[PDB]
Amino acid sequence: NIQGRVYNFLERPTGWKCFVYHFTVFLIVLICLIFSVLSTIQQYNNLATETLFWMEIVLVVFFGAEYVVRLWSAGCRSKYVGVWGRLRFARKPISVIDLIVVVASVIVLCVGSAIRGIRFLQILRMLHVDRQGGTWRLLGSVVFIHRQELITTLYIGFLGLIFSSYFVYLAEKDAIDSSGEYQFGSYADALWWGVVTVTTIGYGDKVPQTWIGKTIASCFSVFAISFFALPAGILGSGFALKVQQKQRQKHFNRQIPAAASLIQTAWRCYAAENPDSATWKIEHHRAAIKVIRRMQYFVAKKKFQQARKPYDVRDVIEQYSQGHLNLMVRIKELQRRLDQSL
Amino acid sequence: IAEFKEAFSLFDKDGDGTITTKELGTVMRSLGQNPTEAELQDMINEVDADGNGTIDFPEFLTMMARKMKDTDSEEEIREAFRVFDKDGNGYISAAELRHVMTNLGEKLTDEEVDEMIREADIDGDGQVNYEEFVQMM
Amino acid sequence: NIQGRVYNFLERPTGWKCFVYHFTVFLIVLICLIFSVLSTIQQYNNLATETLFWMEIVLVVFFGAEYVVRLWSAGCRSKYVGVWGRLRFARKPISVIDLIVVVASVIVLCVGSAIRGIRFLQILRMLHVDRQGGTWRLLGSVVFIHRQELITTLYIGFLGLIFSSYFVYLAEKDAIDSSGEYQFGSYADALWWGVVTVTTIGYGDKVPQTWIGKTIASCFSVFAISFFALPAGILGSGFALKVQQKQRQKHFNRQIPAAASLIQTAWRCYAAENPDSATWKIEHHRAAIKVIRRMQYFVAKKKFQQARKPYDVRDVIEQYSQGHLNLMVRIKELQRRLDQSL
Amino acid sequence: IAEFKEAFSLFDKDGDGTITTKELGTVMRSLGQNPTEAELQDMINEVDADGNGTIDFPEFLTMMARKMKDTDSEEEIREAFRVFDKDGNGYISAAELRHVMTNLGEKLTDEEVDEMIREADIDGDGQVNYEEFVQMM
Amino acid sequence: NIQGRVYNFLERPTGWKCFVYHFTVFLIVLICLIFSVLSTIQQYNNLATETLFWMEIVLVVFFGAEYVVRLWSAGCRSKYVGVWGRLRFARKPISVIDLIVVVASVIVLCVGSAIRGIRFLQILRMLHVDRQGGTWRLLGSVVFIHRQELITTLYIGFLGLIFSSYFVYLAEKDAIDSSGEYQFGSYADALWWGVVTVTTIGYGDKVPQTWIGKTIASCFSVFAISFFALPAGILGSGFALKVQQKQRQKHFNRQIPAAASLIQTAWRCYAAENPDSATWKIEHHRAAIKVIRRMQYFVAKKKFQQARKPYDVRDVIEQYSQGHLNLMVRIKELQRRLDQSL
Amino acid sequence: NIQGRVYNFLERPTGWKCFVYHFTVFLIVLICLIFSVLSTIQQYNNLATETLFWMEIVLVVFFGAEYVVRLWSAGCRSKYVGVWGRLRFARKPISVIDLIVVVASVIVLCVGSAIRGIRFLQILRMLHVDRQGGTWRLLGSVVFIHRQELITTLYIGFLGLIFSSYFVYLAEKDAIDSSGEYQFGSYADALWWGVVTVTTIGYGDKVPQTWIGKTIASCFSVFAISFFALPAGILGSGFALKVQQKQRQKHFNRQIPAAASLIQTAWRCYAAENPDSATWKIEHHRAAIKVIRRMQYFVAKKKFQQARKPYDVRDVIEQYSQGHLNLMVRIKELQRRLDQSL
Amino acid sequence: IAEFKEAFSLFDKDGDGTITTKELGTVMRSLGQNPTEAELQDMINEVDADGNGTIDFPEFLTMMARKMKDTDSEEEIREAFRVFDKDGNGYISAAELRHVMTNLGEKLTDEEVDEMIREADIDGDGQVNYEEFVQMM
Amino acid sequence: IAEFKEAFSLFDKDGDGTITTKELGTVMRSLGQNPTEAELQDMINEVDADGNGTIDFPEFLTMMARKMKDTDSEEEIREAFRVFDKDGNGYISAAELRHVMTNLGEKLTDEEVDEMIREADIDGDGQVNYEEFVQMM
């Protein structure tokens, strides 16, 4: 049980203990990154190299110990059993990231001491806090849900960028600015300007000079800034709708009977293959039994899917149609019984 | 192929070439399951490929074509067992599994519960690895 | 059947074969565009002209062959039959784009070799990947759905731009900057600055200098940047709602009976015109029959439209009202029968 | 014009100047179609211009005014045939068309099915071009 | 009838005739504005003054005639009758705008000829196309619906701007840039920079120089750009939801019975005041009658409001509860009748 | 009653009197802030110091009187009774802000007179208008509702910023610009540029010079501007959905019976503890009574929560299932009674 | 004030101090309107201030307090007449008004229709200005 | 602990080890409350931890475990009293409280109303501080 408790405390935070542990680790990583920035500053390197090295040694030892204990505790779940299960757990990208960071830091500190590794490893280790993927998983789910509109937006934006950049390049190909430098010397420079304008940054290093270029830039800016800022709005509305449906979902006590029925039907279908078994409690009759069990499995799977998915107007109308048909059938039975009596 | 026609005709019992809700209910009553009209309608909807309202032989053939070993089906069974599984781990007590199978949802009897626990807990332990159980299935 | 298979593989991709074919074609087009950019760079033209010419010849031959085979395979669908059907297919904008690109490339390479055609044709041929219009069609549908609010936003933004630009032009008409150049020399320059500010680019070439101009620019920026960035949010929310309703739509097995009923009613109405026909199986009676068939056609069309459209609360309430009226009528019948009996 | 009053009065049978659900149902029963109250209500809703609940002579005139040859109606028929049409092409087998017409949705008999296939497949082939069929309609 | 037709053609466009008329008028106004811009350009004034004057005379005559005919045709509707009705119509802001433009143009051309009127009048007359207010009305409705969140956003943004601008002013109060000019010479300049940054323009004329200023600017930018761009997203989502509910609204044939009932109940309540009237067809009894008529009026008003408003889940549940109560009451009546019989 | 009226007029505005009072106070504060800006301007200090001092004295006296009267009137509500209740009211952040502003202004004017207090106190006192927290409370509620997606967006944006800034720093570490200054002299400067670009400001002081840097900046800008502008869209959609659900909420007359039932059940549960009480009107029986009362309390609490929460499809389906079960049970009872009779 | 108690007690007829759906229905039946349970429930909901389910004397007092001449009520009547008004103008034919009043929605008789048209079309013309009619109301 | 089994068995009356809707309704009828099937179903749903449809002894134990003094419960009672409280203040008249308790929602009798007002208005004043009342609870 201690293995499960430590695995929960190290990978699936639930209490303020795990919260403060992760917060302290992230704060230490951020402090090390800030000291790396100070070292990269040309005037603050000699007074920071020693403390950077010491903090790097302490942090690499700490992360090695953390990775070892996490590997030991990963065996709590049944999916990770033995050497093969531990390898399967380590194959996960986050574990791969941690292993790569650990080995790179160890080899860098063994070699060392001016090197870019002591900084790029901090850059990559700032990513270690994304445990369980509770952020990247959500982002990927939303992007995959909206992939069609996202691709449409990207394609329209890129095509508009290319066309307008070429038009502006044709407009101001020979427009010498005040500083005696060609603002648009080549289609590459024009494309850089187009990217800047569509991204709505406006560095100002390259600005159109001729009136044709100014007019084209204005029209294309007004008609393409919306498209190149569209993904922000799309993802925002997607996130809002997703959280609304999440707060509209049914409670977890409405899935238990459906899961039970699904498991029972699956077990019945599995046992139908074996001729001598206890499942034969209510040749051709055996085939009918297995077909009926398959149908029960399918209907149980559909019911479980509908129960898991948040309630919908289609579910409401289906349920009402079922109830209305039941009531109509029973009323017809009462009517025919009354007709028989009289 | 040949058995599909015999099985389809077995539910027919009238030679009309089409299976309906009343026909399936009569077959179920003869078998001895005592179903309800809601269950009959749900089954007909789930097996009805086109959705006209009845069951045809091509629809029965398609239903036979779709079967187990699907990755989606295995994932569904896995997450259902996970929902039944407390502590977020992959292990559930044999007593808890027996209780939930015999009470919650569909009802099961002693012999089938014993067969289920025998097939699940292959080793002499009080826990069952549902991942390996599904993989064995 | 081979004609249909090749048409599907060339215009309606369904498998990884078609996916990789289109990906390779798009990648080749992008590589040719990048080499055209390198050629347009003044220092990388002599070493790139020959490879650009060779790649252009290869690509024009490939696209000519692709267009020929697509024209041959377009006859699979019944809409394109014979010479007239092939012409109708070629009249489609994408086919027109491909034909124009092919003929322009052929004539350019026959004339050639410094020319802007070898680059503008690549710019236009980057658009060839938009097969079936699965992107432009969606964009046009959403824009046409939101046309009223989009026009409102465009009009408000343009009017605010014009008014604020004129006010700033009046404010800083005679404000000489540090570089001894009139920042706002004319209403044209002031309008260019206004466009830059409303589009939220901020090139910085033209910046107000007097405090009145600064105050007006600040107030108008705060009160008009939202309006000139509004279309991004509008289109994003529209895309999100459209994809939500798309994922909420009913399955395709709920449209078949409605389509069958619509076709049957249409055929009955068509056959009602012919006096001697098999449709006369259950003068004035003929008129009543044709009127009833017309009513059946109308109700079938409405039912099909409702079935195709995603389920709605109005559909739910209509269906419940129908069922409740049925139940009330049958209960009234039972009540009157019981009263008659007793 | 004159026939509209006679047709409207034909459904009346009581001279009250207004058509109701019960009146239309009685007319349908006399014709021999055996309808239901839901169908009657749907028809009354579809022909009722104002939506009060009954059918008036101006509403009947408007219903007569709206007729076939509409571009929207042709598009609807075209996409319905496309939904019935597999492979995404414009051709469907005559046997499949016969089966779907005689079983799915509304029921049709042998003579009307034969007339439909004769009017659709003008040439001696196993496929029907629904685009040309609708254009002929 | 001709008066109504011309009023519809001039103020409520319905056909392509009115569409092309308004398009031509707007295009002429835009052409005049472009020529005014050319005249404002210092190098293109002598060749444009004469044509500007001639076009201004033609356009002022045309707009005077249009205003006269619109005033004559405004009497079609009952709201505008006689001199008082014409004055009430002219009191509308659009008519006021047209009258002001006409009189200002007439007086300017009578005085004239270098004047700013011949340009500001064009600027204001570009607004004349907003007939019926079908744009400003929608914008005002949405803003009034979202007023609470809009005020919250404005207040938070303004407070953040003020606080961060003061902090940056304290940070870089004495930071001389390379050009030997105080980037932040006063809190006014710091506030201008803050407005630029929150509006996400980035002119670059004023940029922080000290590291404290850079850090504060970065943090405040990341934490306040979202708030100062919030109104765009709010209004976009509001427009999208409004158009979705507009397309979800019930047909116009479901409001007629409710309007009829409301009018009848209002007339009954009005006639209840008169003692001798035909409304007395089914002292204390009169008071009961008038109270019942008042209750009928209230319930009819509520029913009309619910019918006009788009269908809602609360309407669905209310209607189902009513139907269920009716069915329960009738079943109870049948049960008691059966108990009495047996 | 006068105490309650003055408390309402001073803290919970309801009428035009309170509206104009708050508007006048806010306008006076804004005027004082503008005069402070003029004083901070180096050329407009001597002519503004005296009026700033006089206005500060008047405003501090007015705010002291307002705070005293608000403290006196805070005793109307039962939550604030006696010295402890007044202290509890003063512990509220807005009261703390007012007290801090008052004491700081008094001490500053007693010390004075060049000081930054006479300006920072105005900056902080511009916040005093946010009475009742009707803005910050809404903002905090929405942020707490969307916390998961907001944290995801912040983390993804920060990680992308760090990685891309490091890549650009590696690209253009030794790229001397035209002005002979290192555009990217250190990772700190590169990170400042990255923050500017992701926030989409584009000051232009630091711009990439090498083509590798330009390409990396373009790609990262296109792929990260959406993420760093995401919170605007998220909060906008959240505000729109919140106001839609607010306008969809049920009337306040549907909560009264639920509140009554909750209070009655709570009182019954409380009185069940006392053995001798009037609640014993319909040992082991006492335990059954208290268990039943606890169940009634729980069901009443759930019903009140559902009634307070806006109507939902899950509520609709639950209510329909309850009604259908009731109807089925009663029909079964009628059927069994009829079978018994016959 | 005094008449309110008498009017409230008039609907009572049992001295319990509270008005219920059954009581109001019995009063309506005695008057001779022949109402329905749905109408009774809607009226009780519309007059029930708190929403408990019955009608109290304070609620009756509040209902009496809220009355006509409200700007919202006038606007509602105006837009209802506009919906009845074709051509978007402010004029409707007297014959069309008579037809809609006598057929659509609530039913009216000849005498009340004549009074309505007399009060609306004060001048001898075939059109009625509903704006002025409402203002007169 | 021991009393929980006795209380759970008290509702049983049949020794089956499970409590159902019919069993609880029979217990309530024996007590003399005269409940309805909707109330029974709502109570079973509110006490049913898993949601299978019946009440188990572990579910009864959990229901006993969850009890009063919860901050959420106190907040709910406070805001309910605030909703009952006009003027936005914390004081309500004793007469108004008596009227609402005896009429609106659940019905109460004179003795229990007197006990409630005695426990609420400890001091001889016409107002009750519901905050202090809840704190005393």
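For reference, chains read A, B, C, D, E, F, G and H in written order, and residue numbers begin at 1 within each chain.
In this text, a residue touches a chain if its C-beta (ideal position, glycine included) is under 8 Å from a C-beta of that chain, and two chains touch if they have at least 3 such contacts.
Molecules present, by chain and UniProt name: B, D, G, H = Calmodulin-1.
Visitor: Comparing residue numbers, which of E-G, B-C or F-H shares more than half of the contact pairs of F-G?
Guide: Comparing residue numbers across E-G, B-C or F-H, the repeat of F-G turns out to be B-C.
Visitor: Which pair wins on C-beta contacts, D-G or F-G?
Guide: Looking at contacts between chains, F-G has the larger number.
Visitor: Provide the C-alpha centroid distance between chain B and chain G, rounded to the nearest whole angstrom.
Guide: 61
Visitor: Averaging only over C-alpha atoms, locate the centres of chain A and chain E and give their separation in whole Å.
Guide: Chain centres of chain A and chain E, defined by C-alpha means, are spaced 40 Å apart.
Visitor: Using mean C-alpha positions as chain centres, tell me how far chain C is from chain E in Å, no decimals.
Guide: 28
Visitor: Touching at least two other chains at once: which residues of chain E meet that condition?
Guide: Residues 188, 200-202, 204, 229, 231-237, 240-241, 256-257, 312-313, 316, 320, 326-327, 331, 334, 338 of chain E each touch two or more of the other chains.
Visitor: Could you list which residues of chain G touch at least two other chains?
Guide: Residues 50, 52, 104-105 of chain G each touch two or more of the other chains.
Visitor: Using the touch definition up top, name the residues of chain G that touch chain F in the complex.
Guide: For this pair, the touching residues of chain G are 48-52.
Visitor: What does chain A use to touch chain H in their complex?
Guide: Those residues of chain A that touch chain H are 251, 253-254, 256-257.
Visitor: Along chain E, where are the residues that touch chain C in the complex?
Guide: 33, 36-37, 40-42, 116, 119-120, 123, 126-127, 130, 134-136, 138-139, 181, 188, 192, 195-196, 199-205, 228-229, 231-237, 239-244, 247-248, 250, 311-313, 315-316, 319-320, 323, 326-327, 330-331, 334, 337-338, 341
Visitor: In the complex, go through chain G and note every residue touching chain H.
Guide: On the chain G side, the touching residues are 50, 52.
Visitor: Quick one: which bits of chain C touch chain D in the complex? Just the residue numbers, please.
Guide: 4, 8, 12, 76-79, 81, 252, 255-267, 269-271, 277-279, 281-282, 284-285, 287-289, 291-292, 294-296, 298-299, 301-305, 322, 325-326, 329
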